[PDB]
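Colleague: Residue numbers (the entry's author numbering), protein chains in the order written: chain A, 1 to 314, 328 to 337, 356 to 459, 579 to 585, 610 to 716; chain B, 50 to 258, 271 to 590, 663 to 822; chain C, 604 to 762, 785 to 890.
Beta carbons are placed, not taken as given, at the ideal position from N, Cα and C, and that holds for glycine.
I'd like to ask some things about the structure below.
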Amino acid sequence: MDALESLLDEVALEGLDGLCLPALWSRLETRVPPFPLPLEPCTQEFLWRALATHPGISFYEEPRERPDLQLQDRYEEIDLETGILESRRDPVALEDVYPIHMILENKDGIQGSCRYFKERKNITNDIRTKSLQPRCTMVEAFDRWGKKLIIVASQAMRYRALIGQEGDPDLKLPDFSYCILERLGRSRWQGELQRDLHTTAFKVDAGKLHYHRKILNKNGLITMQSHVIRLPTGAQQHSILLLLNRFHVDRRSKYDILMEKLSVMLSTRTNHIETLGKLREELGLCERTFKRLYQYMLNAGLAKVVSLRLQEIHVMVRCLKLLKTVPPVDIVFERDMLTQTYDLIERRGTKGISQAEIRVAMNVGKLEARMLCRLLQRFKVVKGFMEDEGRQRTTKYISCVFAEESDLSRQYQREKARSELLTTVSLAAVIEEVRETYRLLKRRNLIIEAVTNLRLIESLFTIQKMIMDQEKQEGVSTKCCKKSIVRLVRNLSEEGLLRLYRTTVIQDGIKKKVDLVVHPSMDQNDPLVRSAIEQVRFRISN
Amino acid sequence: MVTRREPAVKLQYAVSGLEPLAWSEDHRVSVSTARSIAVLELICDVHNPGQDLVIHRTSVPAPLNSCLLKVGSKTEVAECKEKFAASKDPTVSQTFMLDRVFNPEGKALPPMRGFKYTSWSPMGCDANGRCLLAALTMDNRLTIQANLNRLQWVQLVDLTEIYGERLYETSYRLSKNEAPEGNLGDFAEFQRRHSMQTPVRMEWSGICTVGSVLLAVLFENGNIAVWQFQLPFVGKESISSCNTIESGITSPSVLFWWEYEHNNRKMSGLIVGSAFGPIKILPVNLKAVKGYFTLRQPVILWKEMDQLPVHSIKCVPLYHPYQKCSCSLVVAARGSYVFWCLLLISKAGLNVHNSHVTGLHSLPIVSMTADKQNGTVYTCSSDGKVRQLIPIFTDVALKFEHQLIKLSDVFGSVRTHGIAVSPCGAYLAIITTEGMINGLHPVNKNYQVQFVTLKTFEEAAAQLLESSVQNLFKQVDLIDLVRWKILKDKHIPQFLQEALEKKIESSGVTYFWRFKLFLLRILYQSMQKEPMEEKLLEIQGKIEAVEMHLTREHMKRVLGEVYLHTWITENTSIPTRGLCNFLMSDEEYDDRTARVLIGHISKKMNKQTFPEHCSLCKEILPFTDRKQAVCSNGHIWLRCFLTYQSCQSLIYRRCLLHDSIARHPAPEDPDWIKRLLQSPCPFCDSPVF
Amino acid sequence: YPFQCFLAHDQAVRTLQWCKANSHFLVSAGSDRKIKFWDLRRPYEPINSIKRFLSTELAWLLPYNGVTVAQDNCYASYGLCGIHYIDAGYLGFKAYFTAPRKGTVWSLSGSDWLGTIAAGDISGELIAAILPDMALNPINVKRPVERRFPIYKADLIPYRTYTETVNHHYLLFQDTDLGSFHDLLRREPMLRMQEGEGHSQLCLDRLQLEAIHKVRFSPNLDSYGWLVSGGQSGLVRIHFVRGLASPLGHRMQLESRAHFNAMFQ
DNA sequence: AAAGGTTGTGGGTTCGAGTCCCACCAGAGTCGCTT
DNA sequence: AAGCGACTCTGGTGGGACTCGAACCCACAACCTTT
Ligand SMILES: [Zn+2]
Ligand SMILES: [Zn+2]
């Protein structure tokens, strides 16, 4: 890319927040591919004239001086063991130069983040004539305004810098989705991690960031990778890396580069077998690193656990072997769509059909099938039962001919009555007290039984394990999440059907979270919870 | 032969208007759509290894303000509109309230600001060497658009605005004695003043010789306005005339230019087709240019008035093998049929033959394209059939033989809203949409542009070797087929290499050296951009060698013109002695013609140095190397690849491929280098802009 | 074979009306639930597309610039389904809700001579409605219910397939006294209709044997006040709307008789 | 004796569902001016 | 008075966007788990 365009591109790769003059030189000096000129003081005046004479660039005075940029370099890019680790090595999270303040619903359609967008004033006509002749030298401009001078490229230039030449300018994005893309852009070759965007850039639910990121993936403006953060804990964290397509580079990983070497080694060894120790010794690896590689190769399905006698390799020795529904409805001329939809639902009968499965069967839009379901419910001809499958609490719809006799009805009615029994049987180191569907009522009832039969239960894991086995005996393929249980236990706490007691006990230099759950009939002073604390501290003792 | 090319292009907005896809001589594809014109620019990218079509995307925005055709005073028209809308006659009142020409915007009417039609000019019409885009909205705003910088289209002129004023200044009379100033308060005269300036369709002429181009605009009442533009077109300043000819054709549907040559005599006319069926060529009786001349009397191509609307017209120059003379073939889409007519000047004057090629489609033809080099016709209908239709010469006139191309086999069940063909017939571009799925309607509609290969690589390679036009940019669509093969197979196919070496040996014109440079640069990209490192160094050495050859030939031609015009003793705009030194620098090339030329120049050159100075220093630039100049302070200035002057200006020109750079001409430059600076890029023949 | 075809709708085009006052214009509605007005000189873009509920039939009464629409109820908000007049767009009025209906209106017919409209429902009711002069803004029509009346309603009276329904039910046709509309809003057929509107629930466990499928006013000046209708029963019924027949129709019938008898003999 | 597959954990990903809330609608009410 | 045509004032629903609840996934330490 040409030097003069690389300048204007760098001005446009910052967002609507723009650049200070010292930031611009810092951006050019840190550019990849390298900036062609030496950026001498005379050159800085030449480039300043190239900005002032360009009609798309515009200049503002902001109410307060901006901070200077940090060394942005995100990654370690070294190791003392074989290879190198390019995991994120955290700089100090100093005060962000570019805090997110989205320009919502703009009548001119310009978009981005700018904390001063309503407060800064244009000084274009002070820096240049309307004939685009520059009125100030760079040194005069920086003397007069300093960091308060802010350079911004036109929206057309900024959006182009995000989509490249192959990208389509006609595509409008939601302001939040654009501000994600703009937040990627200013990161250049080292994209923002999705973790960090929702945690500290946008400060939102991970669901919100994912949802708004969807459109950027759908139109293909960004590239997705898994990436690794090396914490000061020494443990290392998985997170998503977002790279704007211009800046995409396929990032490798220590375990990836080392598993390739093991794959090359085992695939070039004509047996595809070696003992773990030699697989380590040929790479100089420690067992702590290598056991990850072994289990990754196994979990990738590339290899199999094998053991052979030493006389078979030439005492048993551990080795690795490498090895690698509803039919569509024909709409009739002669009946209305409500009649025809009811005819469908009766054909399904006792099992019912979902709104999404109706939609596909009826060949209608999402909003159209929604109105069909709404009307038939309001007409009282069809009845709706919630059913949890996968991640989704769908509704299944059954006609009132079969609804009462449906399994969904019968199972739900049993668990409702069983719940009414189990509720009405209720009686009339430093502990802290915390603040419908068939399967959901089953899980509620099972916990209420447990706290009724065992007035204390020692951990949320014990609750989960019995629930997991109970659902597995029923044959449920999904596996119950910890958060689902603890949110469920929170619901029962607000209904007052149990207490959950939490603390950390400390013993022999180690600490354990306790998370006792007890029947409401006892408070944290009861000898039973004290006995539970003691017997936990006992088994935690060295 | 027909297979899909990899990138489908997504469109954000509904495809809109008449015959909505076109492919310019400049390899920009425009689709007219409800909110923009999307322009797809095909680049033979030499900087990346990706096998897809490298499509750069730009768009013309739809206008923000609705267009009112001027029919009277602002108050006089307002009282008339009230009169008609309030009329108690159902016919007058509903004719006013339904017809959108009288009602371009309203309280509950959707604005018609999307595009009705688009036409691409010939090359060389823009201020750069490029073509202009004529764009017509559905509210009858006709505009001329250009992309002067790469990023943004700008409107150069609105022709409806000018024509409305020029009609108003003549009280809507073309001949001032011929009609009264009829009262606007009469619905027939009211309708007429709208009808007489509502554009249907428009087409550009070829380049008339100073260059000029005509634009003919067809109006609903059968008037045609022939605009004349001076070139390069820069706005209202370049509009040399507007003249209106009364075709008299009722309900004219479509227009095309006829231009033809026999015995080196130029002739031309306008061919016009009615929505009610007939087709006629008008003599263009009025024009100002002296080199052209015009047909003497109208000829009727189809007379029947069968009410099959003439939806499209195309024509192609041919040479008839048996009549042993040049002839023009006209093809016109008429309902579901293709009408064809062959026009042949002879001693009898025009000899004319016509027929309908029949059985092509079971629905009306929605678009048509002509392969200008062969007369191959393509035709399309919304059932997704596309039919290739080959003209076969007959001892007199023609026969047409045709075959379906199964888009089903490449895209599945699909609707096709338009087709276009690349200037060399390399690709067919198709506006595809979701088709009927086993008789069900698709739930959601999403327009796309998709491309299919019309030619094999071997035919594209052969046609480039035997190319009569001998400019790569005229043939980007063929060298893209060659490019795709090289990137796919990571080697240059041997027969192409051998044949190209034979051409370079036997002819050696710089076109073949440019073709070699293309193959080698695409080869370098193919092999992942230490035997691979040794191979990379080898072929990069070959690129540098042929790149150096093309440089010497251009430098020789530049000095081979400095010698011809009056000696620029002030050395004003060419580093003449530096170029002479650079050419003499090696004895490796024996060309005595250069070595004596630099002899004659160096004999004639001044002993005064007149050196080039670095503007950041006022210190000399030595002229060490082709690409760039440097000074002791370390500044680096690119050199103009057309004149080797250093591009020290804050704005300078860049090749379409960014392979080369050029300086802007200045008033101090003599005419001959102001002409030299209009040359295409010496390495890639692309516009340097 | 056709001279012209164009892809009017993205889904089955269920109904057409061609403009009487100027035949350059046509309207169509399709099961994409758009009403599209067309200029047949310029078919590439409709004059106006209005997205609406799914519609079964259209009527274009000569004197009014817009079209009156009969809906299939499957996408309308409950209590807002029925029959709407929709201006083609220059006057810019909102849609005029001429009649609420619970069921789908299967068929619609505008009498040009009467300026009234008649509509048949799967409820088995036939209503008629008088439109206001739609050159004038409908929002002033502060109580549209005074402008509509039932012609008849068919009830099944006990006595999924035809024989099982016919063996166990009969059709009670209840006919309005169309002789005059005095005290209309207090007469039992209007109360019966008004208790039908909004509140009544559609029946889906039967053949719909009462449903009315076509309605047609006479286009002829002779019999201009007559209507015919028929439905799933295969019965076809004829009615004279005596209250809308009028002295001007008699005046015009006799003068037209005289002119006709002079022209043909 | 003498040690590794097997598992639970804090947090992020993501997938399709139902929910939101604003604009619009249909009806009834207000009342300045007219009749 | 009785009447009219804007101008409101009042309950109800859907359109697209978006909160919601769930399982699914990383990589680690814990150690149960094995000859
Ligand atoms: Zn210098
Ligand atoms: Zn070039």
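(1) Would you mind listing the beta strand (DSSP E) stretches within the region 635-671 of chain A that are 3+ residues and don't spill past its ends, in chain order?
(2) Around ligand 1, which residues pass a check of Cβ closer than 5 Å to any of its heavy atoms?
(3) For residue 417 of chain A, which residues does DSSP report across the bridge?
(4) Please list, in chain order, the residues of the region 604-623 of chain C that have any C-beta partner in chain B closer than 9 Å.
(5) What number of angstroms, rounded off, separates the C-alpha of residue 708 of chain B from the C-alpha of residue 804 of chain B?
(6) Taking Cβ-Cβ distances shorter than 9 Å, what residues in chain C pair up with residue 635 of chain A?
(7) Taking 7 Å as the line, does the beta carbon of residue 792 of chain B fall inside it for any heavy atom of ligand 2?
(8) According to the Cβ coordinates, are residue 459 of chain B and residue 403 of chain B closer than 8 Å?
(9) If we count the other Cβ atoms within 10 Å of its Cβ and call it buried at 16 or more, is residue 810 of chain C buried or exposed?
(10) Would you call the region 722-739 of chain C in contact with the region 823-835 of chain C, where contact means no fewer than 3 C-beta pairs closer than 8 Å?
(11) Let me know the secondary structure DSSP gives residue 380 of chain B once reduced to three states.
(12) Just the Cα atoms here: how many angstroms apart are residue 552 of chain B and residue 611 of chain C?
(13) Look up residue 740 of chain B in the DSSP assignment and say whether it is helix, strand or coil.
(14) Please classify residue 615 of chain C as buried or exposed, where buried requires at least 16 neighbouring CB atoms within 10 angstroms.
(15) Output, in sequence order along the chain, the residues in the region 646-677 of chain C whose CB is closer than 8 Å to any CB in chain A.
(16) Is it buried or exposed, residue 286 of chain A, if we count other Cβ atoms within 10 angstroms and call 16 or more buried?
(17) On a CA-only basis, which of B:325, B:206 and B:452 is nearest residue 300 of chain B? Give me that one, please.
(18) Quick check: is any heavy atom of ligand 2 less than 7 Å from the C-beta of residue 819 of chain B?
(19) Could you give the DSSP three-state label for residue 681 of chain A: helix, strand or coil?
(20) Give me the Cα-Cα distance between residue 737 of chain C and residue 677 of chain C, rounded to the nearest whole angstrom.
(21) Comparing the CB of residue 816 of chain B with every heavy atom of ligand 2, is any distance shorter than 7 Å?
(22) Using CA coordinates, which residue listed in A:242, A:332 and A:98 is at the minimum distance from residue 278 of chain A?
(23) So, residue 769 of chain B versus residue 36 of chain A, is the Cβ gap smaller than 8 Å?
(24) Once DSSP output is grouped into helix, strand and coil, what is the label at residue 479 of chain B?
(25) Could you check whether the Cβ of residue 303 of chain B sits closer than 7 Å to any heavy atom belonging to ligand 2?
(26) Residue 409 of chain A touches chain C at which residues, Cβ-Cβ below 8 Å?
(27) In chain order, what residues of the region 61-80 of chain B put their CB closer than 8 Å to some CB of chain C?
(28) Which residue from C:798, C:795, C:747 and C:633 puts its Cα closest to that of residue 364 of chain A?
(29) Residue 822 of chain B: buried (16+ other C-beta within 10 angstroms of its C-beta) or exposed?
(30) Report yes or no: do the region 521-540 of chain B and the region 647-658 of chain C share at least 3 C-beta pairs separated by less than 8 Å?
(31) How far does the beta strand (DSSP E) with residue 589 of chain B in it reach, from first residue to last?
(32) I want to see whether chain A comes within less than 8 Å of residue 686 of chain C, judged by CB atoms only; does it?
(33) Mind listing which residues of the region 699-716 of chain C have their C-beta closer than 9 Å to chain A's C-betas, in chain order?
(34) Hey, residue 332 of chain B and residue 317 of chain B: beta-carbon distance below 8 Å or not?
(35) Report all residues from its chain with a CB closer than 8 Å to the CB of residue 793 of chain C; omit the five preceding and five following residues, and keep chain order.
(36) Kindly indicate the opening and closing residues of the alpha helix (DSSP H) around residue 86 of chain A.
Modeller: Quick look at the numbers:
(1) none
(2) In chain order, the hits are B:747, B:749, B:750, B:764, B:766 and B:768.
(3) Translated into the one-based positions of the first sequence, residue 417 of chain A becomes position 386. Paired residues: A:426.
(4) So the close ones are 604, 605, 606, 607, 608, 609, 610, 613, 614, 615, 622 and 623.
(5) Position 575 of the second sequence, counting from 1, holds the residue named residue 708 of chain B. Position 671 of the second sequence, counting from 1, holds the residue named residue 804 of chain B. Residue 804 of chain B has its alpha-carbon roughly 17 Å from the corresponding atom of residue 708 of chain B.
(6) To locate residue 635 of chain A, count along the first sequence from 1; it is residue 461. Near residue 635 of chain A there are no residues of chain C at all, since even the closest Cβ is about 49 Å away, more than 9 Å.
(7) Position 659 of the second sequence holds residue 792 of chain B. Checking the Cβ of residue 792 of chain B against ligand 2 gives yes.
(8) As a first step, residue 459 of chain B must be located in the second sequence, where it is residue number 398. As a first step, residue 403 of chain B must be located in the second sequence, where it is residue number 342. Yes.
(9) Within the third sequence, residue 810 of chain C is the residue found at index 185, counting from 1. Residue 810 of chain C comes out exposed.
(10) yes
(11) Within the second sequence, numbered from 1, the residue matching residue 380 of chain B stands at position 319. Residue 380 of chain B falls in the strand class under three-state DSSP.
(12) Position 491 of the second sequence holds residue 552 of chain B. Position 8 of the third sequence holds residue 611 of chain C. Using only the alpha carbons, I get a separation of about 51 Å.
(13) Mapped onto the second sequence, residue 740 of chain B falls at position 607. Coil.
(14) Against the third sequence, residue 615 of chain C aligns to sequence position 12. Residue 615 of chain C should be labelled exposed.
(15) 657, 675, 676 and 677
(16) As a working note, residue 286 of chain A is residue 286 in the first sequence. Answer is exposed; the Cβ neighbour count stays below 16.
(17) Along the second sequence, one-based indexing puts residue 300 of chain B at 239. Nearest option by C-alpha distance: B:206.
(18) Translated into positions along the second sequence, residue 819 of chain B becomes position 686. Under cutoff, so the answer is yes.
(19) Within the first sequence, numbered from 1, the residue matching residue 681 of chain A stands at position 507. Residue 681 of chain A: strand per DSSP, three-state reduction.
(20) In the third sequence, counting from the first residue as 1, residue 737 of chain C sits at position 134. In the third sequence, counting from the first residue as 1, residue 677 of chain C sits at position 74. C-alpha separation (whole angstroms): 28 Å.
(21) By one-based count along the second sequence, residue 816 of chain B stands at place 683. For ligand 2, at least one heavy atom lies less than 7 Å from the Cβ of residue 816 of chain B.
(22) If you number the first sequence from 1, residue 278 of chain A lands on position 278. With distances taken between Cα atoms, residue 278 of chain A lies closest to A:332.
(23) Taking the first residue of the second sequence as 1, we reach residue 769 of chain B at position 636. Taking the first residue of the first sequence as 1, we reach residue 36 of chain A at position 36. Contact: yes.
(24) The sequence position of residue 479 of chain B within the second sequence is 418, counting from 1. Looking at residue 479 of chain B - three-state DSSP - the assignment turns out to be strand.
(25) In the second sequence, residue 303 of chain B corresponds to position 242, counting from 1. Incorrect: residue 303 of chain B has no Cβ contact closer than 7 Å to ligand 2.
(26) Within the first sequence, residue 409 of chain A is the residue found at index 378, counting from 1. The answer, in chain order, is 681.
(27) With the criterion set as a beta carbon lying under 8 Å from some beta carbon of chain C, the members of the region 61-80 of chain B are 65, 66 and 67, in sequence order.
(28) For the purposes of this step, residue 364 of chain A is identified with residue 333 of the first sequence, where counting begins at 1. Nearest C-alpha to residue 364 of chain A: C:633.
(29) To locate residue 822 of chain B, count along the second sequence from 1; it is residue 689. When all chains shown are included, residue 822 of chain B counts as buried.
(30) no
(31) Here residue 589 of chain B refers to the residue found at position 528 of the second sequence. Premise fails: residue 589 of chain B is in no beta strand (DSSP E) and is neither H nor E.
(32) Your numbering for residue 686 of chain C matches position 83 in the third sequence. No - not a single Cβ of chain A is within 8 Å of the one on residue 686 of chain C.
(33) 706, 707 and 709
(34) The residue labelled residue 332 of chain B in the question sits at position 271 within the second sequence. The residue labelled residue 317 of chain B in the question sits at position 256 within the second sequence. Cβ distance < 8 Å, so residue 332 of chain B and residue 317 of chain B count as in contact.
(35) Working through the third sequence from its first residue, we reach residue 793 of chain C at position 168. Excluding positions up to five away in sequence, the list reads 761 and 762.
(36) If you number the first sequence from 1, residue 86 of chain A lands on position 86. No alpha helix (DSSP H) contains residue 86 of chain A, which DSSP labels as neither H nor E.
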